[PDB]
There are 2 protein chains.
Amino acid sequence: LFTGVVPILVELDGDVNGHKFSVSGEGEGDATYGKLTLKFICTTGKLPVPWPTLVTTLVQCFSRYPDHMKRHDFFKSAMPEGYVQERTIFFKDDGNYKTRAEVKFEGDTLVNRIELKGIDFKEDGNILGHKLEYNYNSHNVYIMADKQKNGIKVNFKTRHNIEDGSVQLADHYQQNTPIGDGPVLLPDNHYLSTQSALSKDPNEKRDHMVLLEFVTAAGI
Amino acid sequence: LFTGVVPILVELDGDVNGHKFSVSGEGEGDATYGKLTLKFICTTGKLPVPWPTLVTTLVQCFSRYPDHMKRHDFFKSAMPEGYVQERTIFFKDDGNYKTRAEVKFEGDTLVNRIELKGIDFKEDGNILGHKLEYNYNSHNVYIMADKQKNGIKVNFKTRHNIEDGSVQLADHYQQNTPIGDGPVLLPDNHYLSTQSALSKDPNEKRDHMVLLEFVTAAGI
């Protein structure tokens, strides 16, 4: 499945404090190197929220799991059927995103379709206030197996550089469970070390985000 | 000069607590997009220090200066003759790098040749102890004009994720002055917003670092 380069498609529908929009993404992933190369176009015009805030929301299976941690790769063990990924993202002293996605294989393409709903977002907030910088730092995504659910409960904090130099924090409460009924690899506690660089397509006129990302699993 | 893609060559000679080594780098830069794409091979074997610590040391002229800040682009205004870049990097509660480089044009290639000397580095330190993660965050590089010197004094702090989750800080004291005698663009206070992603060449056997970086000037 993931032994080669894989086409990714990301569809998303969102509503933030009433502001309704969409984003369509296309790119490829290479799990053996943990590389992502996506391109997001906002298909409703101008994105009512900063692009960096949707990064964690817009395909954890492309992480590179060193050979000795392969029995810890839940993400891929759910494929090709897929898993539902849910999250509650609390931006500090601001609003919160609630998202549910189904990432699974459709054809040769790995598809991540999401619904985003955010509320309680201040208009003088860095988010709606659009005071966030166009960049991203590296974080540690902490994975844990959830027995009952036969999934994993992931949780981590994100740091968003604000233009005034300060940093906007975002607490992610994530849950993943298989869509199929089959046996799945439940893992030992470990984390994924992610790095991301946001950029712009020179020949693109529509509002968008170019994202390059490297993810490798570590811990065990 | 920088209106197109430019070949970059990075030569470096180092001594850290007695450990003497070298690194040769090759890649290209595109100032109009602020992109860097370099590839570093350590030519003496295994690098006695972690690769992330040499990132700030291993070509500020490829930063993208939005059109309205062009009179603030000192880096490029010193070209093709070049500028000498000096720094004193203090790693918190550990040693310190002292470096001097001459980045200037040789042929069609922009060449950055450095000498690195580091001392007072603990062997149980994260640096020598090699306890630093293979990744990088985004930072703000603060530029200021230095009258007397007819250069710029830059200063910023770097955050290095340690594998135990904590963060290793590095205080950079930088100075840049032209090599040529001609007039140079001294700027108003501003900063460069940099993002970097470290990676590995799949087909490379020698110890190395692949670096992708985007830098854009902001402030004014």
Side-chain angles (χ1 to χ4, degrees), chain A residues 133-135 197 199-200 202, chain B residues 1-12 25-40 54-66 68-87 99-114 138-147 149-152 154-156 158 172-196 211-220:
Chain A
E133 223 136 46
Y134 189 73
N135 54 37
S199 134
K200 262 78 169 65
Chain B
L1 281 302
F2 296 89
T3 26
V5 171
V6 176
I8 297 170
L9 212 312
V10 162
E11 185 217 297
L12 203 191
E26 5 101 17
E28 54 177 41
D30 194 350
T32 306
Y33 300 131
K35 207 197 312 143
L36 284 186
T37 267
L38 254 342
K39 148 98 169 281
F40 301 103
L54 302 173
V55 168
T56 53
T57 296
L58 271 345
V59 164
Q60 279 164 329
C61 41
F62 288 95
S63 329
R64 173 180 108 80
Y65 268 80
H68 70 263
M69 310 194 37
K70 292 192 149 302
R71 47 172 255 240
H72 300 278
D73 205 348
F74 166 88
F75 298 109
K76 292 183 194 63
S77 77
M79 298 302 167
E81 274 159 300
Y83 51 73
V84 181
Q85 175 170 299
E86 304 159 75
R87 296 222 166 85
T99 70
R100 185 199 220 251
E102 267 187 359
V103 20
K104 69 171 178 294
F105 264 104
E106 305 184 23
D108 56 348
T109 310
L110 189 290
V111 183
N112 173 11
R113 325 187 169 264
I114 315 114
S138 270
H139 308 102
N140 288 131
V141 152
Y142 291 105
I143 308 190
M144 231 164 306
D146 184 338
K147 280 313 94 200
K149 310 299 162 198
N150 98 336
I152 61 185
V154 191
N155 139 78
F156 58 107
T158 261
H172 296 68
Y173 292 98
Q174 187 189 332
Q175 183 206 185
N176 294 63
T177 73
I179 300 186
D181 325 293
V184 132
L185 286 169
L186 272 47
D188 286 350
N189 289 22
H190 66 302
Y191 70 90
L192 302 173
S193 177
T194 78
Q195 302 177 47
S196 307
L211 159 64
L212 169 78
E213 202 173 64
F214 300 96
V215 196
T216 65
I220 297 150

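Chain A is the first sequence line, chain B the second, and so forth, proteins listed ahead of strands; every chain is numbered from 1. FYI, side chains are in, hydrogens and waters are out, and symmetry mates aren't considered; it's all heavy atoms of this structure.
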Can you name the closest pair of heavy atoms from B:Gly25 and B:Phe40 and give their distance? CA-CD2, 3.5 Å
Which of B:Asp30, B:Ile8, B:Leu211, B:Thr194 passes side chain to side chain contact (heavy atoms under 4.5 Å, CB included) with B:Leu36? It is B:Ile8
Nearest 0.5 Å, please: how far is CZ in B:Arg87 from OG1 in B:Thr56? 5.0 Å
Please report the interatomic distance CZ(B:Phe2) to OG1(B:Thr32), rounded to the nearest 0.5 Å. 10.5 Å
Quick one: does B:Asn112's side chain get under 4.5 Å of B:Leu58's, heavy atoms only? no
Distance col, row B:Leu186:CG vs B:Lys147:NZ, nearest 0.5 angstrom, shows 4.0 Å
Using side-chain contact (heavy atoms from CB on, under 4.5 Å), reason through A:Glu133 and B:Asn140 one step at a time and then give a plain yes or no. CA-CA 11 Å; A:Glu133 223 136 46; B:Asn140 288 131; 3.7 Å; yes
For A:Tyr134, does its backbone N or O pair with a side-chain atom of B:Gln195 as donor and acceptor, under 3.5 Å? yes
Side chains of B:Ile143 and B:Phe74 in contact at under 4.5 Å (non-hydrogen atoms): no
Closest non-hydrogen atoms of B:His190 and B:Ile220, given as atom of the first, atom of the second and distance, are CB-CD1, 4.0 Å
Once rounded to the nearest 0.5 Å, what's the spacing between atom CE of B:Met79 and atom NZ of B:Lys104? 10.0 Å
Distance, nearest 0.5 Å, that separates OG1 of B:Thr3 from NZ of B:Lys76: 10.5 Å
Determine yes or no for a side-chain-to-main-chain donor-acceptor pair under 3.5 angstrom, with B:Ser63 supplying the side chain and B:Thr216 the backbone. no
Quick one: does A:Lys200's side chain get under 4.5 Å of B:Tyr33's, heavy atoms only? no
In plain terms, say whether B:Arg113 and B:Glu11 are close enough for a salt bridge, that is, a side-chain N and a carboxylate O under 4.0 Å apart. yes
Check the pair B:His139 / B:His172 against side-chain contact (heavy atoms from CB on, under 4.5 Å), numbers first and verdict last. CA-CA 12 Å; B:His139 308 102; B:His172 296 68; over 6 Å; no
Minimum side-chain heavy-atom gap B:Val141-B:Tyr191 below 4.5 Å: no
Assess the pair B:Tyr142 and B:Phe156: is the distance between their ring centroids shorter than 6.0 Å? no
Could you tell me which non-hydrogen atom of B:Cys61 sits nearest to which non-hydrogen atom of B:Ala31, and how far apart they are? O-CB, 4.2 Å
Tell me whether the count of non-hydrogen atoms from other residues, nucleotides or ligands lying under 6.0 Å of NZ in B:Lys35 goes above 12. no
Any non-hydrogen side-chain atom of B:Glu213 less than 4.5 Å from a side-chain atom of B:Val55? yes
Determine, stepwise, if the pair B:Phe214 / A:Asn135 fulfils side-chain contact (heavy atoms from CB on, under 4.5 Å). CA-CA 9 Å; B:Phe214 300 96; A:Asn135 54 37; over 6 Å; no
Would you check if the side chain of B:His72 reaches a backbone N or O of B:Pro187 as a donor-acceptor pair within less than 3.5 Å? no
Would you mind reporting whether B:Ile152 and B:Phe75 have side-chain heavy atoms less than 4.5 Å apart? yes
Looking at CG of B:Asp108 and CG of B:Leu1, how far apart are the two atoms once the value is rounded to the nearest 0.5 Å? 11.5 Å
Less than 4.5 Å apart, side chain to side chain, heavy atoms only: is that true for B:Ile114 and B:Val10? yes
Please examine the side chains of B:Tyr83 and B:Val184, heavy atoms only from C-beta on, and report whether any two atoms are closer than 4.5 Å. no
